């Protein structure tokens, strides 16, 4: 149970984005139904009045929280991967439009899931803005919590992988458009009951055998990390 509070750009807090530049749902409940339109940008997908301006090569940091800003972020039980996708805003997230910019699942050195790392990062994880066409975009940050993913929602609707999905409205201003955005996958559609990483038992299967759901990260993606970039108590 987690939500995005706002974003930072190059380590500068853009301010509370809830219902402003984030297409915020009304609460932190998960999405579980893989075929639902809620998979696109959660349960209240609509245009919100602001977009955050960035330039290619900028660091865009999502900041998540549980109840209040910079709290415990998400329950530590919610082990799982984190991804970020991008689509053009003109799509409204419909169609084969979602391109993966970032994936982190299980880190064998530190023996930590992405979610664990996110808590340590005070809710912050980033992507570097790619060299796509200037214009308006949706960045879709997705946390998958696997604590009840040994069942499939489609078979048992009280269990299933949980998706915490947040779409940010981002305007890319300066960019030379040298890596124009390739085709995308659909949400809903990309994840199905047979997709690797959707049904998994994190209690009896070693985490090293976990494979996150495709698609793979776009070759044109410029990187990203789960790491604190700014201190919410000060700015």
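Numbering follows the first chain given and starts at 1.
- Looking at 204 to 212 and 191 to 199 together, the entry lists the larger mean B-factor for 204 to 212, computed on C-alpha atoms.
- In this entry, the higher average B-factor at the C-alpha atoms falls on 101 to 109, of the pair 101 to 109 and 76 to 84.
- Highest CA B-factor among the listed residues (96, 162, 156, 126): 96.
- The top Cα temperature factor in the record, among 226, 22, 12, 221, falls on 221.
- Among the modelled residues of its chain, residue 172 has a C-alpha B-factor that falls in the middle third according to the deposited record.
- When all modelled residues of the chain are sorted by CA temperature factor, residue 52 is found within the middle third.
- In this PDB entry, the Cα temperature factor of residue 37 sits in the middle third of its chain's modelled residues.
- Looking at the C-alpha B-factors along this chain, the one for residue 140 belongs to the lowest third.
- When all modelled residues of the chain are sorted by CA temperature factor, residue 26 is found within the lowest third.
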